[PDB]
Each structure stands twice: as C-alpha cells, then as structure tokens.
Amino acid sequence: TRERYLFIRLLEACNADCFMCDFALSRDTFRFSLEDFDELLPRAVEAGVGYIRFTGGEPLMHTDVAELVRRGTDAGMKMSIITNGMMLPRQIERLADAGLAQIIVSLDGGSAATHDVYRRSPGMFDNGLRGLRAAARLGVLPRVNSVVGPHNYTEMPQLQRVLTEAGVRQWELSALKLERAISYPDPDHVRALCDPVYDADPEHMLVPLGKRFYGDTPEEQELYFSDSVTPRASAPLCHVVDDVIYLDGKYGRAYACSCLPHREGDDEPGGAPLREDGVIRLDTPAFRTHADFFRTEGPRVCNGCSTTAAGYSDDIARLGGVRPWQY
Ligand SMILES: C[S@@+](CC[C@H](N)C(=O)[O-])C[C@H]1O[C@@H](n2cnc3c(N)ncnc32)[C@H](O)[C@@H]1O
Ligand code: SF4
Ligand code: SF4
Ligand SMILES: [Cl-]
C-alpha cells in the first residue's frame, strides 16, 4: 500500500481577497491546535501517511505552522505547505530549518500586474517569487499551483517561462471552479496558446502535472468548454480516494480527496467525522463508505476535480504506481 497524503485545513482566515475563493477576507478564528496535531500524528502514521500538507486559508497566518512542520518531520513525515506566498520570504528560512520538504505557492498570472489584481494584494506575486527562489536555494522542493480560466489563460506561456527561470520544479495548472457556468469566447484560441505549454520540452520548460486543464481527449475538451465539467479521474475508478485524506479542521470532516467530493442530492456534511466520541480516528467505517462511493462514482459525477488528482488516479490505473510528490 502506497504512501498516502494527509491534508489539514489548519484555518480559514486569510490575508488575500481572491475573487474565486470563499476564504477571501476571512478573519475566522478557528486554529487547528498543536494538541490536535499530536493526537492525529500517530493515527496518520498507522494509516500509512507519508506526506502532510498544510492548507486552509493562509497557513502562514497560523502562528504554530513552523512548529507543526517540526513535529511532523520528527515523526518521519514529508511536510508541505500551500501558501499565497505573501509571508513566505519572511518565514521560509525558519520553515526550511524546521524540516519543510516542499513549498507550494499559488500564482494565477505571469506577472505582479495581473496576479496581484486577481488576489487584490499588491506585492503578493513578488513575495511568492522571492520565497520560491529562497526555498529552492534552501533545498525545499518548489511547486506552483495556478488557477486558470477565461481571464488569465493567455498568461500561461509567460508564467511557464517565469517558473522555469525561477527554478520551480512542479506546476499544477488546473481550471477555475465556480458555481456559475464558465465560458470561453474562443476555445480554439485557448488550445492555440496553451497547447505549446503542454507540448514544451520537459527538460527545458516546466510542464504542468497530470491532465491539461481543458482536457486531454476531444471528448473531455468538448465537455470542459461546452458544459463547464472539469477533467477528472478517467477510466472506471478513481484511485485518489485510497491515497488522500483531507481534514477540514474547523468542521469535523475528513474527505477522501483534496477536491472534497460531495454527493449531488446530499444536504448532510460531506466526508466523514474526524472524531468518534471526541477521539481522532482515521479510516473509520464512515470514511471508507465515503471513499468507496467516489472510487466507483467519481469518474462519473465529480465536477470539481483537479488536473493533478486526475493524472494521479490515471497513473495508478495504467501503471499501478506514482512517483514521489505526484499529488
Ligand atoms: C484555498 S487555497 C489555500 C492555500 C493558500 N491560501 C493558497 O492560495 O495557496 C488552496 C488552493 O486552491 C486554489 N483555489 C481557490 N479557489 C479556487 C477555485 N474557485 N477554483 C480552483 N482553485 C481554487 C488556490 O489557488 C490554492 O492553490
Ligand atoms: S489566498 Fe488562498 S485561501 Fe486566501 S482567498 Fe486566495 S485562494 Fe483563498
Ligand atoms: S474524481 Fe472525484 S473523488 Fe476522484 S480525485 Fe477527482 S474530485 Fe476527488
Ligand atoms: Cl505528471
């Protein structure tokens, strides 16, 4: 059984104001605690977890994030953090010294003049870039997450060159996800500008993980551009739900992947309880029931999947295994 990924949404509070995210301007007060993490760590070890990725709102706003990285690393976990990068240059040295194995910075444009507008945070792009360079110089694996849609797809060729030159080693490029329909004026022009990004030489240009954000097959691309269904795990089964646990810290919920799958006709909270009788328990029968539904139904019903997760599941299907840091 494979090294699993544990996501912890440490908090919802954030310091940015992204148009597409429910946590924009959140001052929410929940903070996943060091005490919660100490109870969780042995459960994660015995559940087969080899990676712990902190996310939420903005993990660098969590005052204990470096200590959480320390304790995770001392238990043999590969620690990762997803950040908008605003505070990354100030904290990257302490995070690297605490054992941080990977930093993920979210960049949604090819320059400060566009990214800082989309996140309404002047200086965020430059600080993210600084932090990525410093992370690489400190031996931390640098990855970038990008959310692409009709508003920024023309910037992706430029962002590819920026990331390549900066020494970023992984790049998730995945579609904007919204409740409302998302339409592009000219899908052929999206392919015209972004096919060269995926068709670049992977040893000279950084090529995104997994599937193309608009789909790999004509059928996937038709479905993305016409009915706003994003690419998802293909074939008959989604294998991500065996290797990923996502903890919504604030509520009490564990999900079987980081896109937090929800049944259509289901008002109840998604996923499964993180606690049974106030005790943290992973892979509970309720969780396995949740994961089993999407293992078989995910490829059919999931509308908010990511390019990274879809390519991960497909490699398990085609090759029976994944490389390190493929999620
Ligand atoms: C919710 S953020 C939290 C971590 C950190 N604040 C950051 O932005 O990197 C986690 C990831 O989800 C992405 N994301 C947020 N809203 C999205 C949306 N509506 N559609 C697709 N991705 C989204 C962000 O760009 C980010 O890479
Ligand atoms: S910085 Fe991250 S958590 Fe904050 S609003 Fe943007 S995507 Fe959401
Ligand atoms: S297909 Fe569904 S359950 Fe599987 S990784 Fe994608 S969003 Fe998650
Ligand atoms: Cl890949």
# chains A, B, ... in the order shown; residues from 1 in each chain; ligands from 1
call {"tool": "select_by_dssp", "arguments": {"residues": "stretch 71-152 of chain A", "states": "strand (DSSP E)", "output": "list in words"}}
result
residues 78, 79, 80, 81, 82, 83, 102, 103, 104, 105, 106, 141, 142, 143, 144, 145, 146, 147 and 148 of chain A
call {"tool": "write_last_selection", "arguments": {"atoms": "C-alpha atoms", "output": "mmCIF file, in the first residue's frame"}}
result
data_model
loop_
_atom_site.group_PDB
_atom_site.id
_atom_site.type_symbol
_atom_site.label_atom_id
_atom_site.label_comp_id
_atom_site.auth_asym_id
_atom_site.auth_seq_id
_atom_site.Cartn_x
_atom_site.Cartn_y
_atom_site.Cartn_z
ATOM 1 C CA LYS A 78 7.331 14.780 4.421
ATOM 2 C CA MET A 79 5.881 18.204 5.248
ATOM 3 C CA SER A 80 4.329 20.549 2.680
ATOM 4 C CA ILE A 81 2.576 23.942 2.818
ATOM 5 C CA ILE A 82 0.306 25.688 0.311
ATOM 6 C CA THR A 83 0.650 29.466 0.594
ATOM 7 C CA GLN A 102 8.003 21.225 -0.147
ATOM 8 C CA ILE A 103 6.502 24.682 -0.581
ATOM 9 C CA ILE A 104 3.535 25.288 -2.877
ATOM 10 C CA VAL A 105 2.890 28.916 -3.896
ATOM 11 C CA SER A 106 -0.306 29.877 -5.720
ATOM 12 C CA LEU A 141 11.060 21.342 -3.312
ATOM 13 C CA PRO A 142 9.300 24.299 -5.033
ATOM 14 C CA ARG A 143 5.870 23.803 -6.615
ATOM 15 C CA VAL A 144 3.360 26.308 -8.009
ATOM 16 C CA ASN A 145 -0.438 25.955 -8.141
ATOM 17 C CA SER A 146 -2.207 28.015 -10.808
ATOM 18 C CA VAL A 147 -5.947 28.510 -11.301
ATOM 19 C CA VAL A 148 -6.644 29.219 -14.979
#
call {"tool": "residues_near_ligand", "arguments": {"ligand": "ligand 4", "cutoff": "12 Å", "atoms": "only C-alpha atoms and all ligand atoms", "output": "PyMOL selection string"}}
result
chain A and resi 169-173+198+202+206-212+307-316+321-327
call {"tool": "write_last_selection", "arguments": {"atoms": "N, CA, C and O atoms", "output": "tab-separated table (two decimals), in the first residue's frame"}}
result
chain	number	residue	atom	x	y	z
A	169	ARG	N	10.08	23.39	-9.69
A	169	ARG	CA	10.23	22.04	-10.21
A	169	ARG	C	8.91	21.33	-10.47
A	169	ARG	O	8.91	20.29	-11.14
A	170	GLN	N	7.79	21.84	-9.96
A	170	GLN	CA	6.48	21.27	-10.25
A	170	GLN	C	5.48	22.40	-10.44
A	170	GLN	O	5.60	23.46	-9.82
A	171	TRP	N	4.46	22.14	-11.24
A	171	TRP	CA	3.47	23.15	-11.60
A	171	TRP	C	2.12	22.47	-11.76
A	171	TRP	O	1.94	21.67	-12.69
A	172	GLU	N	1.18	22.75	-10.87
A	172	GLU	CA	-0.20	22.35	-11.09
A	172	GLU	C	-0.91	23.49	-11.82
A	172	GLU	O	-0.92	24.63	-11.35
A	173	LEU	N	-1.50	23.18	-12.97
A	173	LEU	CA	-2.28	24.14	-13.74
A	173	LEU	C	-3.68	23.53	-13.88
A	173	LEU	O	-3.87	22.56	-14.62
A	198	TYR	N	1.94	22.67	-22.88
A	198	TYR	CA	1.97	21.25	-22.58
A	198	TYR	C	2.93	20.49	-23.51
A	198	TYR	O	3.55	19.52	-23.08
A	202	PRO	N	10.07	18.98	-21.67
A	202	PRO	CA	10.05	18.99	-20.19
A	202	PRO	C	11.42	19.19	-19.56
A	202	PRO	O	11.48	19.49	-18.36
A	206	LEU	N	9.19	23.96	-17.74
A	206	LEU	CA	8.37	23.29	-16.74
A	206	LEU	C	7.00	22.98	-17.33
A	206	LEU	O	6.30	23.88	-17.80
A	207	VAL	N	6.62	21.71	-17.31
A	207	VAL	CA	5.37	21.25	-17.90
A	207	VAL	C	4.43	20.84	-16.78
A	207	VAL	O	4.85	20.12	-15.86
A	208	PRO	N	3.16	21.27	-16.79
A	208	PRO	CA	2.28	21.01	-15.64
A	208	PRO	C	2.08	19.52	-15.39
A	208	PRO	O	2.34	18.68	-16.25
A	209	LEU	N	1.63	19.20	-14.18
A	209	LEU	CA	1.33	17.85	-13.74
A	209	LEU	C	0.02	17.35	-14.36
A	209	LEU	O	-0.87	18.13	-14.70
A	210	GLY	N	-0.10	16.02	-14.47
A	210	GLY	CA	-1.37	15.40	-14.81
A	210	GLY	C	-1.97	15.89	-16.12
A	210	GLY	O	-1.27	16.16	-17.11
A	211	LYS	N	-3.30	16.01	-16.13
A	211	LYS	CA	-4.03	16.33	-17.35
A	211	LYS	C	-3.92	17.82	-17.69
A	211	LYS	O	-3.60	18.66	-16.84
A	212	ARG	N	-4.19	18.14	-18.95
A	212	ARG	CA	-4.37	19.53	-19.33
A	212	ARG	C	-5.61	20.08	-18.66
A	212	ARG	O	-6.58	19.36	-18.39
A	307	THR	N	-6.50	18.74	-12.18
A	307	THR	CA	-5.64	18.10	-13.16
A	307	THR	C	-4.64	17.16	-12.50
A	307	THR	O	-4.33	16.09	-13.04
A	308	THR	N	-4.13	17.56	-11.33
A	308	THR	CA	-3.16	16.76	-10.59
A	308	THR	C	-3.77	15.46	-10.10
A	308	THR	O	-3.17	14.38	-10.23
A	309	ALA	N	-4.96	15.54	-9.49
A	309	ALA	CA	-5.62	14.35	-8.95
A	309	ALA	C	-6.01	13.40	-10.08
A	309	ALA	O	-5.89	12.18	-9.94
A	310	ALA	N	-6.47	13.95	-11.20
A	310	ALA	CA	-6.90	13.12	-12.32
A	310	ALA	C	-5.74	12.34	-12.93
A	310	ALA	O	-5.86	11.15	-13.23
A	311	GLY	N	-4.59	13.01	-13.11
A	311	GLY	CA	-3.41	12.32	-13.61
A	311	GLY	C	-2.83	11.33	-12.62
A	311	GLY	O	-2.30	10.29	-13.02
A	312	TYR	N	-2.92	11.65	-11.32
A	312	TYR	CA	-2.53	10.71	-10.27
A	312	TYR	C	-3.34	9.43	-10.36
A	312	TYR	O	-2.78	8.32	-10.38
A	313	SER	N	-4.67	9.55	-10.37
A	313	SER	CA	-5.51	8.36	-10.41
A	313	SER	C	-5.25	7.54	-11.67
A	313	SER	O	-5.21	6.31	-11.62
A	314	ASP	N	-5.08	8.22	-12.81
A	314	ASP	CA	-4.85	7.53	-14.08
A	314	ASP	C	-3.52	6.78	-14.10
A	314	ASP	O	-3.43	5.70	-14.70
A	315	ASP	N	-2.47	7.32	-13.45
A	315	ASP	CA	-1.21	6.59	-13.36
A	315	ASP	C	-1.34	5.35	-12.48
A	315	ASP	O	-0.73	4.32	-12.78
A	316	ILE	N	-2.13	5.43	-11.40
A	316	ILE	CA	-2.40	4.22	-10.63
A	316	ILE	C	-3.11	3.19	-11.52
A	316	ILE	O	-2.82	1.99	-11.44
A	321	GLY	N	1.34	2.63	-10.00
A	321	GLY	CA	2.13	3.37	-9.03
A	321	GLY	C	2.39	4.80	-9.47
A	321	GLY	O	2.24	5.15	-10.64
A	322	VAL	N	2.80	5.62	-8.49
A	322	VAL	CA	3.10	7.03	-8.75
A	322	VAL	C	4.48	7.36	-8.23
A	322	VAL	O	5.03	6.68	-7.35
A	323	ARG	N	5.06	8.42	-8.78
A	323	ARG	CA	6.35	8.91	-8.30
A	323	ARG	C	6.15	9.74	-7.04
A	323	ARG	O	5.03	10.12	-6.71
A	324	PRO	N	7.22	10.02	-6.29
A	324	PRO	CA	7.07	10.87	-5.10
A	324	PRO	C	6.61	12.26	-5.50
A	324	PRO	O	7.00	12.78	-6.55
A	325	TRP	N	5.77	12.86	-4.65
A	325	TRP	CA	5.26	14.22	-4.87
A	325	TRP	C	4.44	14.32	-6.15
A	325	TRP	O	4.41	15.39	-6.78
A	326	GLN	N	3.78	13.24	-6.57
A	326	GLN	CA	2.90	13.33	-7.73
A	326	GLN	C	1.52	13.91	-7.39
A	326	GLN	O	0.73	14.14	-8.31
A	327	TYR	N	1.24	14.17	-6.12
A	327	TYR	CA	-0.01	14.83	-5.70
A	327	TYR	C	0.29	16.17	-4.99
A	327	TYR	O	1.43	16.35	-4.48
call {"tool": "residues_near_ligand", "arguments": {"ligand": "ligand 1", "cutoff": "10 Å", "atoms": "only C-alpha atoms and all ligand atoms", "output": "number ranges by chain"}}
result
A: 9-16, 18-24, 54-61, 81-86, 103-108, 119, 128, 144-149, 172-179, 258-259, 304-306
call {"tool": "write_last_selection", "arguments": {"atoms": "C-alpha atoms", "output": "PDB file, in the first residue's frame"}}
result
ATOM      1  CA  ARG A   9      -7.001  22.777   6.501  1.00  0.00           C
ATOM      2  CA  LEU A  10      -5.458  24.470   9.532  1.00  0.00           C
ATOM      3  CA  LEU A  11      -7.643  27.588   9.384  1.00  0.00           C
ATOM      4  CA  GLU A  12      -9.945  29.563   7.121  1.00  0.00           C
ATOM      5  CA  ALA A  13      -8.588  33.041   7.912  1.00  0.00           C
ATOM      6  CA  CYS A  14      -6.625  34.623   5.063  1.00  0.00           C
ATOM      7  CA  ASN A  15      -4.814  37.843   4.176  1.00  0.00           C
ATOM      8  CA  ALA A  16      -5.837  37.988   0.495  1.00  0.00           C
ATOM      9  CA  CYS A  18      -9.274  36.296  -4.268  1.00  0.00           C
ATOM     10  CA  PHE A  19     -12.409  36.587  -6.389  1.00  0.00           C
ATOM     11  CA  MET A  20     -12.925  32.826  -6.703  1.00  0.00           C
ATOM     12  CA  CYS A  21     -12.448  31.678  -3.100  1.00  0.00           C
ATOM     13  CA  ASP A  22     -14.798  31.508  -0.131  1.00  0.00           C
ATOM     14  CA  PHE A  23     -11.982  32.445   2.293  1.00  0.00           C
ATOM     15  CA  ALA A  24     -11.281  35.882   0.790  1.00  0.00           C
ATOM     16  CA  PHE A  54      -0.974  22.247   5.426  1.00  0.00           C
ATOM     17  CA  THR A  55      -3.547  24.446   3.700  1.00  0.00           C
ATOM     18  CA  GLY A  56      -6.692  26.324   4.596  1.00  0.00           C
ATOM     19  CA  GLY A  57      -6.992  29.954   4.179  1.00  0.00           C
ATOM     20  CA  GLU A  58      -3.423  31.153   4.570  1.00  0.00           C
ATOM     21  CA  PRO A  59      -1.251  28.676   6.552  1.00  0.00           C
ATOM     22  CA  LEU A  60       1.494  31.302   7.185  1.00  0.00           C
ATOM     23  CA  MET A  61      -1.098  33.271   9.266  1.00  0.00           C
ATOM     24  CA  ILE A  81       2.576  23.942   2.818  1.00  0.00           C
ATOM     25  CA  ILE A  82       0.306  25.688   0.311  1.00  0.00           C
ATOM     26  CA  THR A  83       0.650  29.466   0.594  1.00  0.00           C
ATOM     27  CA  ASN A  84      -0.258  32.566  -1.349  1.00  0.00           C
ATOM     28  CA  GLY A  85       3.381  33.459  -0.625  1.00  0.00           C
ATOM     29  CA  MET A  86       2.856  36.947   0.818  1.00  0.00           C
ATOM     30  CA  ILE A 103       6.502  24.682  -0.581  1.00  0.00           C
ATOM     31  CA  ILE A 104       3.535  25.288  -2.877  1.00  0.00           C
ATOM     32  CA  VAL A 105       2.890  28.916  -3.896  1.00  0.00           C
ATOM     33  CA  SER A 106      -0.306  29.877  -5.720  1.00  0.00           C
ATOM     34  CA  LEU A 107       0.335  32.129  -8.742  1.00  0.00           C
ATOM     35  CA  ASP A 108      -2.541  32.959 -11.089  1.00  0.00           C
ATOM     36  CA  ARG A 119      -5.796  38.359  -5.454  1.00  0.00           C
ATOM     37  CA  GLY A 128       5.804  34.471  -3.772  1.00  0.00           C
ATOM     38  CA  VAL A 144       3.360  26.308  -8.009  1.00  0.00           C
ATOM     39  CA  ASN A 145      -0.438  25.955  -8.141  1.00  0.00           C
ATOM     40  CA  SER A 146      -2.207  28.015 -10.808  1.00  0.00           C
ATOM     41  CA  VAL A 147      -5.947  28.510 -11.301  1.00  0.00           C
ATOM     42  CA  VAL A 148      -6.644  29.219 -14.979  1.00  0.00           C
ATOM     43  CA  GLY A 149      -9.789  30.488 -16.647  1.00  0.00           C
ATOM     44  CA  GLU A 172      -0.204  22.353 -11.087  1.00  0.00           C
ATOM     45  CA  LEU A 173      -2.284  24.135 -13.743  1.00  0.00           C
ATOM     46  CA  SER A 174      -5.965  23.472 -13.069  1.00  0.00           C
ATOM     47  CA  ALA A 175      -9.227  25.053 -14.099  1.00  0.00           C
ATOM     48  CA  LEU A 176     -11.115  27.770 -12.272  1.00  0.00           C
ATOM     49  CA  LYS A 177     -14.068  26.161 -10.472  1.00  0.00           C
ATOM     50  CA  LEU A 178     -17.245  28.147  -9.831  1.00  0.00           C
ATOM     51  CA  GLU A 179     -20.931  27.586  -9.189  1.00  0.00           C
ATOM     52  CA  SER A 258      -8.468  17.344  -1.750  1.00  0.00           C
ATOM     53  CA  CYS A 259     -11.322  18.471  -4.019  1.00  0.00           C
ATOM     54  CA  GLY A 304     -14.714  19.899  -9.465  1.00  0.00           C
ATOM     55  CA  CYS A 305     -11.684  17.655  -9.887  1.00  0.00           C
ATOM     56  CA  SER A 306      -8.110  18.848 -10.389  1.00  0.00           C
TER      57      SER A 306
END
call {"tool": "residues_near_ligand", "arguments": {"ligand": "ligand 3", "cutoff": "10 Å", "atoms": "only C-alpha atoms and all ligand atoms", "output": "count of residues only"}}
result
45
call {"tool": "closest_residue", "arguments": {"among": "A:101, A:96, A:166, A:117", "to": "ligand 2", "atoms": "only C-alpha atoms and all ligand atoms"}}
result
A:117
call {"tool": "residues_around", "arguments": {"residues": "residue A:46", "least_positions_apart": "5", "cutoff": "12 Å", "atoms": "only C-alpha atoms", "output": "list in words"}}
result
residues 1, 3, 4, 40, 41, 75, 77, 281, 282 and 283 of chain A
call {"tool": "write_last_selection", "arguments": {"atoms": "N, CA and C atoms", "output": "PDB file, in the first residue's frame"}}
result
ATOM      1  N   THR A   1       0.836  -1.196   0.000  1.00  0.00           N
ATOM      2  CA  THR A   1       0.000   0.000   0.000  1.00  0.00           C
ATOM      3  C   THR A   1       0.883   1.263   0.000  1.00  0.00           C
ATOM      4  N   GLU A   3       2.348   5.345  -0.080  1.00  0.00           N
ATOM      5  CA  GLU A   3       2.490   6.484   0.817  1.00  0.00           C
ATOM      6  C   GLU A   3       1.331   7.448   0.593  1.00  0.00           C
ATOM      7  N   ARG A   4       0.542   7.675   1.628  1.00  0.00           N
ATOM      8  CA  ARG A   4      -0.659   8.480   1.497  1.00  0.00           C
ATOM      9  C   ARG A   4      -0.372   9.947   1.805  1.00  0.00           C
ATOM     10  N   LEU A  40      -3.285  13.454  16.325  1.00  0.00           N
ATOM     11  CA  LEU A  40      -3.505  12.973  14.966  1.00  0.00           C
ATOM     12  C   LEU A  40      -2.291  12.222  14.429  1.00  0.00           C
ATOM     13  N   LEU A  41      -1.079  12.684  14.756  1.00  0.00           N
ATOM     14  CA  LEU A  41       0.138  12.147  14.146  1.00  0.00           C
ATOM     15  C   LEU A  41       0.256  10.626  14.236  1.00  0.00           C
ATOM     16  N   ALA A  75       8.309  12.980  13.176  1.00  0.00           N
ATOM     17  CA  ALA A  75       7.609  11.710  13.068  1.00  0.00           C
ATOM     18  C   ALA A  75       7.796  11.064  11.705  1.00  0.00           C
ATOM     19  N   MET A  77       7.380  12.377   8.643  1.00  0.00           N
ATOM     20  CA  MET A  77       6.508  12.830   7.565  1.00  0.00           C
ATOM     21  C   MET A  77       7.216  13.830   6.656  1.00  0.00           C
ATOM     22  N   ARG A 281      -9.929   9.669  14.757  1.00  0.00           N
ATOM     23  CA  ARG A 281      -9.828   8.354  14.133  1.00  0.00           C
ATOM     24  C   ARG A 281      -9.827   8.510  12.619  1.00  0.00           C
ATOM     25  N   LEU A 282      -8.822   7.929  11.964  1.00  0.00           N
ATOM     26  CA  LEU A 282      -8.720   7.921  10.513  1.00  0.00           C
ATOM     27  C   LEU A 282      -9.229   6.597   9.953  1.00  0.00           C
ATOM     28  N   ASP A 283      -9.737   6.646   8.722  1.00  0.00           N
ATOM     29  CA  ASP A 283     -10.186   5.448   8.012  1.00  0.00           C
ATOM     30  C   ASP A 283     -11.299   4.730   8.773  1.00  0.00           C
TER      31      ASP A 283
END
call {"tool": "select_by_dssp", "arguments": {"residues": "stretch 11-105 of chain A", "states": "helix (DSSP H, G or I)", "output": "PyMOL selection string"}}
result
chain A and resi 34-46+59-61+65-74+88-97
call {"tool": "residues_around", "arguments": {"residues": "residue A:161", "least_positions_apart": "5", "cutoff": "10 Å", "atoms": "only C-alpha atoms", "output": "PyMOL selection string"}}
result
chain A and resi 110+156+166+197+204-206
call {"tool": "write_last_selection", "arguments": {"atoms": "C-alpha atoms", "output": "CSV table (one decimal), in the first residue's frame"}}
result
chain,number,residue,atom,x,y,z
A,110,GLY,CA,2.5,35.7,-15.3
A,156,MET,CA,0.2,30.8,-19.1
A,166,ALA,CA,12.9,30.7,-11.1
A,197,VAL,CA,2.8,25.0,-22.9
A,204,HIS,CA,13.9,22.9,-20.9
A,205,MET,CA,10.5,24.2,-19.8
A,206,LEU,CA,8.4,23.3,-16.7
call {"tool": "atom_distance", "arguments": {"atom1": "atom 4 (Fe, counted along the ligand's line) of ligand 2", "atom2": "atom CA of residue A:213"}}
result
21.4 Å
call {"tool": "closest_residue", "arguments": {"among": "A:31, A:66, A:124, A:50", "to": "ligand 2", "atoms": "only C-alpha atoms and all ligand atoms"}}
result
A:124
call {"tool": "residues_around", "arguments": {"residues": "stretch 267-278 of chain A", "least_positions_apart": "6", "cutoff": "7 Å", "atoms": "only C-alpha atoms", "output": "ChimeraX atom specification"}}
result
/A:252-255,286-287,290
call {"tool": "atom_distance", "arguments": {"atom1": "atom 2 (Fe, counted along the ligand's line) of ligand 2", "atom2": "atom CA of residue A:17"}}
result
8.3 Å
call {"tool": "closest_atom_pairs", "arguments": {"of": "stretch 198-295 of chain A", "to": "stretch 182-188 of chain A", "cutoff": "8 Å", "atoms": "only C-alpha atoms", "output": "Markdown table"}}
result
| residue | atom | partner | partner_atom | distance |
| --- | --- | --- | --- | --- |
| A:225 | CA | A:183 | CA | 6.6 |
| A:226 | CA | A:183 | CA | 7.3 |
| A:228 | CA | A:182 | CA | 6.0 |
call {"tool": "write_last_selection", "arguments": {"atoms": "C-alpha atoms", "output": "compact mmCIF listing (two decimals), in the first residue's frame"}}
result
# COMPACT_ATOMS: atom_id res chain seq x y z
CA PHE A 225 -15.57 24.13 -22.95
CA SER A 226 -19.30 23.49 -23.51
CA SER A 228 -18.08 23.51 -17.71
call {"tool": "atom_distance", "arguments": {"atom1": "atom CA of residue A:136", "atom2": "atom 1 (S, counted along the ligand's line) of ligand 2"}}
result
21.5 Å
call {"tool": "residues_around", "arguments": {"residues": "residue A:125", "least_positions_apart": "3", "cutoff": "7 Å", "atoms": "only C-alpha atoms", "output": "list in words"}}
result
residues 107, 111, 112, 115, 116, 128 and 129 of chain A
call {"tool": "closest_residue", "arguments": {"among": "A:39, A:222, A:201, A:28", "to": "ligand 2", "atoms": "only C-alpha atoms and all ligand atoms"}}
result
A:28
call {"tool": "decode", "arguments": {"residues": "stretch 84-108 of chain A", "atoms": "N, CA and C atoms", "output": "tab-separated table (two decimals), in the first residue's frame"}}
result
chain	number	residue	atom	x	y	z
A	84	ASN	N	-0.25	31.53	-0.33
A	84	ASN	CA	-0.26	32.57	-1.35
A	84	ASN	C	1.08	33.28	-1.44
A	85	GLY	N	2.01	32.99	-0.52
A	85	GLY	CA	3.38	33.46	-0.63
A	85	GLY	C	3.65	34.84	-0.07
A	86	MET	N	2.62	35.58	0.36
A	86	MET	CA	2.86	36.95	0.82
A	86	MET	C	3.86	36.97	1.97
A	87	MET	N	3.72	36.05	2.92
A	87	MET	CA	4.62	35.98	4.06
A	87	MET	C	5.72	34.94	3.89
A	88	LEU	N	5.87	34.37	2.70
A	88	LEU	CA	6.84	33.30	2.54
A	88	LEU	C	8.28	33.76	2.69
A	89	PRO	N	8.73	34.87	2.08
A	89	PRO	CA	10.14	35.26	2.25
A	89	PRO	C	10.53	35.48	3.70
A	90	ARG	N	9.60	35.93	4.54
A	90	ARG	CA	9.92	36.17	5.95
A	90	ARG	C	10.03	34.87	6.75
A	91	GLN	N	9.29	33.83	6.36
A	91	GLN	CA	9.22	32.61	7.15
A	91	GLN	C	9.93	31.42	6.51
A	92	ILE	N	10.44	31.54	5.28
A	92	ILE	CA	10.92	30.35	4.58
A	92	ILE	C	12.16	29.77	5.26
A	93	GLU	N	13.02	30.63	5.80
A	93	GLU	CA	14.23	30.12	6.43
A	93	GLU	C	13.89	29.29	7.67
A	94	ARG	N	12.99	29.79	8.52
A	94	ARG	CA	12.58	29.01	9.69
A	94	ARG	C	11.84	27.75	9.27
A	95	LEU	N	11.04	27.82	8.21
A	95	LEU	CA	10.30	26.64	7.77
A	95	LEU	C	11.25	25.58	7.23
A	96	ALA	N	12.24	25.99	6.43
A	96	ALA	CA	13.24	25.04	5.95
A	96	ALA	C	14.01	24.42	7.11
A	97	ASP	N	14.40	25.24	8.09
A	97	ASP	CA	15.13	24.70	9.24
A	97	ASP	C	14.26	23.77	10.07
A	98	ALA	N	12.94	23.97	10.06
A	98	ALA	CA	12.05	23.05	10.76
A	98	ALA	C	11.84	21.73	10.01
A	99	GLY	N	12.39	21.58	8.82
A	99	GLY	CA	12.25	20.36	8.06
A	99	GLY	C	11.30	20.40	6.88
A	100	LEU	N	10.82	21.58	6.47
A	100	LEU	CA	9.86	21.65	5.38
A	100	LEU	C	10.42	20.99	4.13
A	101	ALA	N	9.67	20.04	3.58
A	101	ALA	CA	10.11	19.30	2.40
A	101	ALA	C	9.64	19.93	1.09
A	102	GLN	N	8.52	20.64	1.08
A	102	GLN	CA	8.00	21.23	-0.15
A	102	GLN	C	7.21	22.48	0.19
A	103	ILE	N	7.36	23.51	-0.64
A	103	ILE	CA	6.50	24.68	-0.58
A	103	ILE	C	5.70	24.74	-1.87
A	104	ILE	N	4.41	25.04	-1.74
A	104	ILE	CA	3.53	25.29	-2.88
A	104	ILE	C	3.05	26.73	-2.78
A	105	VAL	N	3.32	27.52	-3.81
A	105	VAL	CA	2.89	28.92	-3.90
A	105	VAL	C	1.86	29.01	-5.00
A	106	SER	N	0.74	29.68	-4.73
A	106	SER	CA	-0.31	29.88	-5.72
A	106	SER	C	-0.03	31.15	-6.52
A	107	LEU	N	0.11	31.01	-7.83
A	107	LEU	CA	0.33	32.13	-8.74
A	107	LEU	C	-0.65	31.99	-9.88
A	108	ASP	N	-1.50	33.01	-10.07
A	108	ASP	CA	-2.54	32.96	-11.09
A	108	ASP	C	-2.28	33.93	-12.24
